[PDB]
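K.L.:
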Amino acid sequence: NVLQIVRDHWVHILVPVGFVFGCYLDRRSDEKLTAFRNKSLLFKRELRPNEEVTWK
Amino acid sequence: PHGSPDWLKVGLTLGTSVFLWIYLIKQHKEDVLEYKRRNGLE
Amino acid sequence: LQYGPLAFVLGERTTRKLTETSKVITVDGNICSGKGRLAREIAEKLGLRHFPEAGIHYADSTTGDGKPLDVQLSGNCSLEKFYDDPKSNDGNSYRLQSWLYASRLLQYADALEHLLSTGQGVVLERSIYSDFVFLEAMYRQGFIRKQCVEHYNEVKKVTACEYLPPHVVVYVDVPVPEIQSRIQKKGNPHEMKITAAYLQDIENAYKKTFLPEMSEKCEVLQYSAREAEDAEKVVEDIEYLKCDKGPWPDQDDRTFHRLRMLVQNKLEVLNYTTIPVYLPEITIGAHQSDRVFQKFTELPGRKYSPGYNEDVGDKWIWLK
Amino acid sequence: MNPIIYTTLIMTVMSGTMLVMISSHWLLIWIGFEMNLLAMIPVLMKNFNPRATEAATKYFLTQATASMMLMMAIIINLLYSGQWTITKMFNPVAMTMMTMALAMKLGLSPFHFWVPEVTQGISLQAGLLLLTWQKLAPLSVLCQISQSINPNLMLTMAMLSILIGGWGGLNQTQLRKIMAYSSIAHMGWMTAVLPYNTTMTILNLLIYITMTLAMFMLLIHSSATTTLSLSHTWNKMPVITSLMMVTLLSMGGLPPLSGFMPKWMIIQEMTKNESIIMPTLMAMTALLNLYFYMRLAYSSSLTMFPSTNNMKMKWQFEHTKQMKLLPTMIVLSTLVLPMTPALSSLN
Amino acid sequence: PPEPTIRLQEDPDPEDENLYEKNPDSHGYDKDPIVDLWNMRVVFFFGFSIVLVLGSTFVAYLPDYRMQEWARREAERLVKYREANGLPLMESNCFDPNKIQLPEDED
Amino acid sequence: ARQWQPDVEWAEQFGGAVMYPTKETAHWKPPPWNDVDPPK
Amino acid sequence: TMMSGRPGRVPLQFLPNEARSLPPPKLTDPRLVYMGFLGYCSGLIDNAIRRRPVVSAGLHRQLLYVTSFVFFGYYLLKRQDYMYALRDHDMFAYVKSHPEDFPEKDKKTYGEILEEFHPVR
Amino acid sequence: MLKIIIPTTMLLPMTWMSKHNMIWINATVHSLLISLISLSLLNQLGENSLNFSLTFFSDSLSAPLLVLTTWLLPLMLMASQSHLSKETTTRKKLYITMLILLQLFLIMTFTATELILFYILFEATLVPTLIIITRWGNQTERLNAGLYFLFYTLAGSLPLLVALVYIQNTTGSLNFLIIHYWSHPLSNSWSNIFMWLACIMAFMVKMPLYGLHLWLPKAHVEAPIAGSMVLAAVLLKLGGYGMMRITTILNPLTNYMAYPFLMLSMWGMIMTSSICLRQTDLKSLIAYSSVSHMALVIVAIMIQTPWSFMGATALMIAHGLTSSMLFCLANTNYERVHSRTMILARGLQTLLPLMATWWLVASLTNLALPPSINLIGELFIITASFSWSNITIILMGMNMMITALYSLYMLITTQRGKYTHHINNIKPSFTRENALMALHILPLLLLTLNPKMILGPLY
Ligand SMILES: CCCCCCCCCCCCCCCCCC(=O)OC[C@H](COP(=O)([O-])OCC(O)COP(=O)([O-])OC[C@@H](COC(=O)CCCCCCCCCCCCCCCCC)OC(=O)CCCCCCCCCCCCCCCCC)OC(=O)CCCCCCCCCCCCCCCCC
Ligand SMILES: CCCCCCCCCCCCCCCCC[C@@H](O)O[C@H](CO[C@H](O)CCCCCCCCCCCCCCC)COP(=O)(O)OCC[N+](C)(C)C
Ligand SMILES: CCCCCCCCCCCCCCCCC[C@@H](O)O[C@H](CO[C@H](O)CCCCCCCCCCCCCCC)COP(=O)(O)OCC[N+](C)(C)C
Ligand SMILES: CCCCCCCCCCCCCCCCC[C@@H](O)O[C@H](CO[C@H](O)CCCCCCCCCCCCCCC)COP(=O)(O)OCC[N+](C)(C)C
Ligand SMILES: CCCCCCCC/C=C\CCCCCCCC(=O)O[C@H](COC(=O)CCCCCCC/C=C/CCCCCCCC)COP(=O)(O)OCCN
Ligand SMILES: Nc1ncnc2c1ncn2[C@@H]1O[C@H](COP(=O)(O)OP(=O)(O)O)[C@@H](O)[C@H]1O
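Chains as they are written, first to last, in the deposited numbering: chain n, 3 to 58; chain f, 35 to 76; chain w, 36 to 355; chain i, 1 to 347; chain e, 48 to 154; chain Q, 34 to 73; chain g, 2 to 122; chain r, 1 to 459.
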């Protein structure tokens with residue numbers, strides 16, 4: 003029953019939340035390593051007309 | 035023993051926490067503003 | 036303001052509370068006697084506070100709710116079994132003696148705390164002094180071993196070396212034939228089996244060692260069964276004598292502060308009652324200790340501090 | 001004693017240490033040491049017994065001899081250069097006299113013999129004070145004149161202190177003597193990095209003070225001064241024993257605990273100066289301290305020792321007096337390794 | 048010798064308890080039948096069904112980030128080119144010698 | 034069937050004045066429970 | 002690097018004026034979050050020592066622990082960043098002022114560097 | 001890499017905020033889900049690595065070890081559920097907390113782009129294992145065992161730290177990528193010889209090396225089942241992983257310095273396999289078998305050829321799984337008979353046929369029956385050694401023969417013959433034990449279908 007099993011099963015939601023937070027933090031840390039994006043000699047690519055960044 | 039929640043101590047603890055948080059937020063604001071003014075960013 | 040150094044610094048002094056009426060007194064008597072009646076009568080006549088003689092569950096009356104706990108959680112000993120089979124294999128006799136000594140120590144600490152915090156004197160039955168007589172009896176009857184008496188002497192020395200003995204001791208003298216007659220008249224089946232040798236040995240201990248040693252540092256009032264009936268004469272005897280030979284007149288305000296700090300904080304009072312001397316009658320193995328401690332924790336108002344127990348009914352827990 | 005007199009004596013001890021820390025004149029530093037010694041004795045003799053009197057008289061003899069040696073060093077330095085300012089000594093003999101005086105004041109080997117006996121004689125609070133606050137002034141003076149010290153003598157005394165502490169702690173059943181030998185070893189660790197970096201000395205001092213405060217307050221809370229007395233604490237306060245085990249693990253220098261921060265850093269610093277053998281020996285010797293910490297942990301929290309029947313009564317009572325800073329001390333002594341770069345604050 | 052031979056007060060060693068006794072169909076997880084059954088169900092579903100089958104299928108169909116087929120195709124076209132032009136298949140030098148400056152010995 | 038826990042004999046190893054007793058240090062005695070010696 | 006005698010050092014300032022020319026740490030700094038976590042741990046341990054429900058005994062006291070730890074950690078982080086900035090500044094100035102002690106290495110390609118080869122057999 | 005680290009951290013508050021009778025279920029379910037999530041690290045590249053950030057990076061040597069570490073926790077919980085039944089909720093939560101902390105430290109250790117961070121976590125794993133051994137072990141020797149397991153480790157690990165900081169004082173960095181790209185030869189010098197020894201001995205002691213293996217039988221025998229599982233499966237592989245990482249700076253000095261360790265391992269594998277033939281304890285026999293397998297891995301790492309490294313990776317994974325299964329079987333017998341003496345409970349095939357099948361398959365994988373990954377690693381290492389020197393074949397074949405001998409001796413003694421008459425408390429096998437055995441063994445026979453997942457970065 004709602005508002006009753008929540009008080010007994012609230013703990014279960016924590017691990018899944020951590021997985022999402024870790025994914026978000028991984029992307030945020032990825033955003034700080036773009037000093038060479040579209041600058042490597044191997045993947046110097048000219049941007050598409052409706053493109054901002056080659057990868058995110 | 036047999037004692038009530040001392041509302042004087044509770045009020046003082048909440049007041050200290052709130053004052054410290056408000057002071058910290060202000061201090062960060064003038065810190066950012068002073069850094070921007072000194073370094074000529076904005 | 037819970038009493039501490041700061042209270043002493045600002046105002047709290049106990050020399051002004053002493054009004055020549057405090058007179059911590061204790062009553063000594065043979066098993067089954069008028070000492071209880073005489074102690075109470077002295078307590079109402081002199082305006083003092085009476086402390087009933089400490090039992091197995093005296094400590095239970097001062098903690099949590101005053102109702103006693105189980106035998107397995109409080110004392111792990113019984114007087115009835117000691118009377119039935121004093122030469123037991125499981126060492127009930129010395130375990131009983133040690134638990135009773137610790138209870139008397141706690142009660143003496145409580146009485147001293149009351150006297151020092153209020154200025155009102157107290158009346159006690161058998162105290163930490165004269166608690167040894169039963170021990171000696173148990174040794175002379177063969178109920179306990181010698182290592183028990185060395186352990187008891189060590190604990191008694193280390194504990195009683197830090198408190199002030201009572202101002203005047205009141206002893207009610209009772210012959211053994213009449214003590215046995217009164218025992219038979221009570222009708223208690225377990226007290227029926229107290230051998231006259233045990234009573235006589237107990238009696239010998241009080242007269243031979245207890246009376247002279249308290250005579251040289253305190254004041255003694257030897258009474259008989261007939262003269263213990265009229266408490267007016269006993270109260271008059273207490274009033275007439277003046278305590279000037281004991282250590283009490285030499286005490287002062289800072290020593291009183293130290294003693295008042297000691298009598299509070301019952302953990303330090305009972306600190307040396309559990310010294311690591313491994314006597315089979317009292318040492319407990321890890322498994323039994325863990326199981327009994329777990330049982331004690333599961334009691335209603337014993338898992339947390341007194342003000343933090345929800346099952347008892349404490350409220351506002353999350354704001355205390 | 002009277003609380004007013006006790007507070008006055010404590011503030012006089014702190015004012016002596018402060019006088020030593022803020023002055024620039026050698027006479028004023030000597031005066032601060034004298035004030036500290038004068039006000040320290042009644043604190044050691046707060047509880048009267050023959051053992052405390054013996055500890056106080058031994059401590060006084062040692063500290064007075066050290067003070068006379070320090071004044072001799074000051075006067076010789078004045079003789080060879082009419083200077084009173086605390087700076088580089090300018091005299092080889094004076095520096096040695098000063099180094100021995102400060103080593104005697106700190107308790108470094110071979111002047112360590114007084115520390116275990118004095119710590120055993122005095123109470124637990126006196127021992128806390130003696131092992132925490134009484135190291136600040138000599139170490140501050142050493143930091144001020146670190147450019148003068150002969151590295152050979154300081155490093156010899158540091159290695160000797162580490163070895164002596166490690167070996168002497170192995171033979172102890174008394175908790176106060178264990179703390180004293182631990183303090184001797186930690187002083188040895190602190191003085192081995194003075195010739196190279198005083199910041200590492202201060203960092204080690206702060207970490208050691210935090211751990212020692214936590215351990216002494218835990219020992220006072222569970223009022224035990226022997227191994228067997230401490231073995232009874234699990235039957236009343238198992239959480240205290242768990243915290244004590246974690247603190248002991250930290251004091252042994254295990255990562256990721258806080259106690260790993262100093263030695264690591266010190267080792268790192270000593271490697272920048274092409275000193276390889278000495279840090280290696282220091283770590284190998286610190287393994288002894290870890291061994292007797294682990295023995296204490298085995299006896300206290302990792303195994304359940306037999307108890308007594310009277311302990312049941314202790315189950316019905318709770319502590320009236322509490323240390324406010326004990327949780328903070330435990331946390332700061334166990335879980336500050338991630339904040340290591342903050343040592344740039346020149347702590 | 049009036050010693051009891053009882054060195055201390057100790058609980059007797061308890062006998063091991065059979066989970067099948069109070070509960071057949073006991074699954075060996077818990078003495079509570081409901082918690083026992085649900086523990087069995089979660090272990091079997093999340094161990095055998097989810098991880099073991101779906102994870103194995105996921106590992107089986109992992110994209111070629113090791114570039115095995117890519118290297119095979121590159122080698123195929125390179126061999127086709129060199130065989131057509133008569134070049135001696137693989138060269139013995141990994142780098143071109145013209146762009147390496149050896150130190151003259153003059154011994 | 035039950036995990037081993039220290040008994041009295043195991044505990045008495047740690048009850049002496051010092052660890053690792055020697056012939057010279059055998060006569061040493063542990064200090065009093067309270068750090069007070071009889072004035073004799 | 003002993004900076005105690007560095008010129009123009011006011012004795013007992015936690016943070017000098019020039020430190021205000023540096024960017025202050027963000028309030029979501031991971032080190033600040035660790036400071037708050039340490040405060041929370043201190044609160045839980047304080048509850049445990051006093052035999053109170055560890056998670057939910059005193060919310061005001063736990064909040065005060067967290068807040069004080071965060072406050073001190075913020076100021077400590079500011080001082081740490083300032084000291085590291087000074088170290089870098091002094092290092093760069095010294096390298097700039099002593100060119101003869103930091104001569105430029107001649108850029109040399111691996112094509113004309115002879116490295117001894119050791120086979121693994 | 002945080003998408004695996006954060007859920008493992010959240011395992012702790014979830015464990016401590018759980019009901020008294022839901023801790024095992026919640027821990028098992030969420031640890032299995034974490035294992036499933038970590039399974040996506042296996043998508044490795046033929047190029048450098050999976051460089052997530054400045055702090056953590058993944059490699060096809062690190063990924064199988066990470067997946068095995070994540071998979072081991074649910075099995076450890078299932079194995080621990082039985083013997084912790086009579087214990088309080090707080091202590092069971094503490095036990096699960098120790099397991100979770102061990103997993104977290106191992107996960108961060110295997111990624112650990114920094115060598116000092118690797119050392120810190122590699123030594124942080126020491127504390128949970130020591131607490132588990134010395135708190136929830138049964139016999140009185142556990143304390144002694146713990147001491148050994150402690151000091152040996154530190155006796156090897158303290159010099160390494162010094163060496164490590166020394167390197168950063170000369171090279172300027174301890175990042176593994178920078179170290180690999182800027183590596184330089186070590187001249188034959190006494191200082192370089194001692195740097196080599198300081199770099200190697202710490203990982204040698206935890207393999208363990210044959211002369212330095214005394215701590216392992218004690219620690220594995222006196223530990224509880226979860227402790228034995230984690231010690232044999234993951235903790236022994238830390239030395240191999242560290243050697244594989246650190247041998248990049250030790251060339252060409254490894255050519256000379258490898259000889260004493262090569263001789264020690266090649267003779268000690270024979271010695272320990274022979275010791276297994278005369279063993280009165282199941283756990284001690286399994287521990288000595290682990291010593292032999294890790295001796296083979298040491299030989300492989302010291303030879304430092306591509307086939308050596310591939311064989312060593314495969315053998316590390318296979319040995320972890322097989323030894324965990326063997327310890328679990330021994331513990332299933334022990335929880336019934338309470339003796340841990342191999343000769344006591346006999347003829348268990350007639351009473352426990354499915355458990356006998358599990359025993360047979362575990363012995364077969366320990367025996368290195370093809371095409372198991374155990375034999376894949378064995379054969380790759382043996383071929384590399386043969387190329388190194390043709391005379392190694394005698395020692396390798398003798399080790400194979402003795403390994404088969406003691407594996408089948410262990411199977412025949414416990415499962416075959418006649419049942420012991422006076423033992424009447426052998427209850428039918430629980431679903432929990434059978435599920436544990438299957439969850440050990442199916443990953444092995446399923447990994448033999450895709451060997452490149454466990455052959456390392458030189459595949
Ligand atoms: C790597 C970093 C990441 C991980 C961090 C790890 C550390 C974190 C925590 C640090 C300290 C904080 C807590 C310490 C206070 C003690 C509390 C306690 O005693 O437990 C009882 C308490 C429950 O019991 P209770 O019914 O309340 O009261 C009964 C008594 O308290 C207790 O009943 P009792 O006293 O009658 O039972 C006796 C028992 C009780 O004695 C104890 O258990 C004391 C606890 C150990 C002391 C810890 C020392 C300080 C921490 C340093 C740890 C070092 C870590 C480094 C690695 C080395 C590992 C040693 O003692 C024994 O049994 C002795 C034998 C045990 C074997 C030897 C002991 C091993 C010690 C190693 C423990 C290390 C891990 C501890 C984990 C936390 C434990 C709660 O536990 C808790 O509930 C607290 C757990 C934390 C609460 C989390 C709340 C957050 C959840 C919701 C928000 C979600 C967050 C995410 C946001 C997103 C959501 C949307
Ligand atoms: C183990 C944890 C220890 C924590 C320490 C106690 C925390 C509470 C302290 C309360 C606040 C302290 C700040 C003091 C206010 C003013 C500071 C000012 O007076 O001093 C300045 C400097 O203040 C201190 O240096 C900063 C103290 C900060 C200590 C933190 C670093 C510890 C290492 C990292 C461990 C993690 C700790 C963080 C978690 C709490 C200027 O000093 P200066 O007159 O010019 O030279 C003297 C020092 N010399 C001789 C070495 C050069
Ligand atoms: C009971 C009696 C028997 C009844 C059942 C009869 C049926 C038997 C058939 C099953 C066994 C026979 C073997 C035949 C294999 C067929 C499937 C196989 O060919 O697929 C494999 C594919 O499977 C995978 O390769 C192996 C599975 C990976 C295992 C991961 C483990 C699961 C996670 C558990 C936790 C980890 C613990 C261990 C840590 C290391 C290999 O395919 P591959 O040619 O290559 O490429 C796949 C397809 N491509 C071309 C599109 C790419
Ligand atoms: C116990 C369980 C196992 C633990 C681990 C055991 C593994 C440790 C083995 C150490 C590896 C080798 C150490 C030294 C190798 C150097 C080569 C040497 O053996 O050969 C001769 C070395 O000559 C002599 O050995 C000189 C040293 C003699 C003193 C050594 C003591 C001999 C026995 C000690 C063994 C004890 C080991 C354990 C110590 C606690 C060649 O002489 P030379 O070509 O001119 O000089 C070569 C070195 N140079 C080039 C750098 C200059
Ligand atoms: C399982 C227990 C094993 C115990 C540890 C075993 C490993 C022993 C390895 C040596 C320990 C310390 C080595 C130093 C760490 C590396 C640092 C380094 O390489 O620097 C060297 C320094 O080299 C040394 O100082 C080495 C001195 C070693 C002293 C301690 C000896 C310990 C025992 C020696 C005999 C046994 C050696 C191998 C034992 C293997 C384990 C059984 C050169 O630097 P510089 O001198 O500054 O430059 C040269 C120009 N001046
Ligand atoms: N230290 C002791 N040792 C043994 N028994 C004791 C001790 N103290 C009190 N008792 C027991 O307490 C019982 C009650 O005490 P008592 O005063 O004689 O009877 P009553 O309460 O009826 O006046 C007695 O049976 C006595 O044996």
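Every residue gets a Cβ at the ideal spot worked out from N, C-alpha and C, and that includes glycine.
Mind reading off the beta-carbon distance from i/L206 to i/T247? Whole number of angstroms is fine, and I expect it under 8 Å.
P.N.:
Here residue 206 of chain i refers to the residue found at position 206 when the fourth sequence is read from its first residue. Here residue 247 of chain i refers to the residue found at position 247 when the fourth sequence is read from its first residue. Not confirmed; about 16 Å, so no contact.
K.L.:
With ligand 3 as the reference, list in chain order each residue whose Cβ lies under 7 Å from any of its heavy atoms.
P.N.:
Those residues, listed in chain order, are e/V98, e/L99, e/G102, e/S103, e/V106, e/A107, e/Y108, r/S35, r/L39, r/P64, r/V67, r/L68, r/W71, r/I317, r/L321, r/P443, r/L446, r/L447, r/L449, r/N450, r/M453 and r/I454.
K.L.:
Are Q/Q38 and w/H322 touching if we call contact CB-CB under 8 Å?
P.N.:
Position 5 of the sixth sequence, counted from the start, is the residue given in the question as residue 38 of chain Q. Position 287 of the third sequence, counted from the start, is the residue given in the question as residue 322 of chain w. Their beta carbons are under 8 Å apart, which means Q/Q38 touches w/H322 by this criterion.
K.L.:
Out of r/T88, r/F56 and r/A384, state which residue places its alpha-carbon closest to the alpha-carbon of n/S31.
P.N.:
For the purposes of this step, residue 31 of chain n is taken as the residue at position 29 of the first sequence. The shortest C-alpha separation from n/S31 is found at r/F56.
K.L.:
Inspect the beta-carbon positions of w/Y198 and w/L147 and report whether they are closer than 8 Å.
P.N.:
Along the third sequence, one-based indexing puts residue 198 of chain w at 163. Along the third sequence, one-based indexing puts residue 147 of chain w at 112. Yes, the pair counts as a contact, with Cβ atoms nearer than the cut-off.
K.L.:
Using a cut-off of 7 Å between C-beta atoms, extract the partners of e/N70 located in chain r.
P.N.:
Stepping through the fifth sequence from its first residue, residue 70 of chain e is reached at position 23. Within 7 Å Cβ-Cβ: nothing; e/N70 doesn't reach chain r, min ~12 Å.
K.L.:
Who are r/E114's beta bridge partners in DSSP?
P.N.:
Position 114 of the eighth sequence, counting from 1, holds the residue named residue 114 of chain r. According to DSSP, which records beta bridges pairwise, r/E114 is partnered with r/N175.
K.L.:
For r/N138, which residues in chain Q fall below 9 Å Cβ to Cβ?
P.N.:
Within the eighth sequence, numbered from 1, the residue matching residue 138 of chain r stands at position 138. Correct list: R35, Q36 and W37.
K.L.:
Between the stretch 228 to 239 of chain i and chain Q, which residues of the former have CB atoms less than 9 Å from a CB of the latter, in chain order?
P.N.:
Under the 9 Å Cβ criterion, the stretch 228 to 239 of chain i contributes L228, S229 and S231.
K.L.:
Which residues of the stretch 288 to 313 of chain i have a Cβ closer than 7 Å to any Cβ of chain Q? Give them in chain order.
P.N.:
The stretch 288 to 313 of chain i vs chain Q, Cβ under 7 Å: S299, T303, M304, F305 and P306.
K.L.:
According to the Cβ coordinates, are w/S324 and i/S307 closer than 8 Å?
P.N.:
Taking the first residue of the third sequence as position 1, residue 324 of chain w is located at position 289. Taking the first residue of the fourth sequence as position 1, residue 307 of chain i is located at position 307. Their beta carbons are under 8 Å apart, which means w/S324 touches i/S307 by this criterion.
K.L.:
Using a threshold of 7 Å, is the CB atom of residue 1 of chain n nearer than that to any non-hydrogen atom of ligand 1?
P.N.:
Because chain n spans 3 through 58 in this model, residue 1 of chain n falls outside it and cannot be assessed.
K.L.:
Can you check which of these residues, r/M396, r/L238, r/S187 and r/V221, is closest to r/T140 by C-alpha distance?
P.N.:
What you label residue 140 of chain r is simply residue 140 of the eighth sequence in a count that begins at 1. Looking at the Cα atoms, r/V221 is the closest of the given residues.
K.L.:
Identify each residue in the stretch 169 to 182 of chain i for which the Cβ-Cβ distance to at least one residue of chain Q is less than 8 Å, and report them in chain order.
P.N.:
From the stretch 169 to 182 of chain i, only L170, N171, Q172, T173 and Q174 have a Cβ closer than 8 Å to chain Q.
K.L.:
Output yes if chain g places a C-beta closer than 8 Å to the C-beta of e/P144; else output no.
P.N.:
Numbered from its first residue, the fifth sequence carries residue 144 of chain e at position 97. With 8 Å as the cut-off, e/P144 does not count as an interface residue toward chain g.
K.L.:
Could you please tell me which residues of the stretch 303 to 326 of chain r, in chain order, have their CB closer than 7 Å to any CB of chain g?
P.N.:
Those would be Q304 and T305, in chain order.
K.L.:
Can you name the residues of chain i whose CB is closer than 9 Å to the CB of Q/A50?
P.N.:
The residue labelled residue 50 of chain Q in the question sits at position 17 within the sixth sequence. Chain i residues near Q/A50: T173 and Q174.
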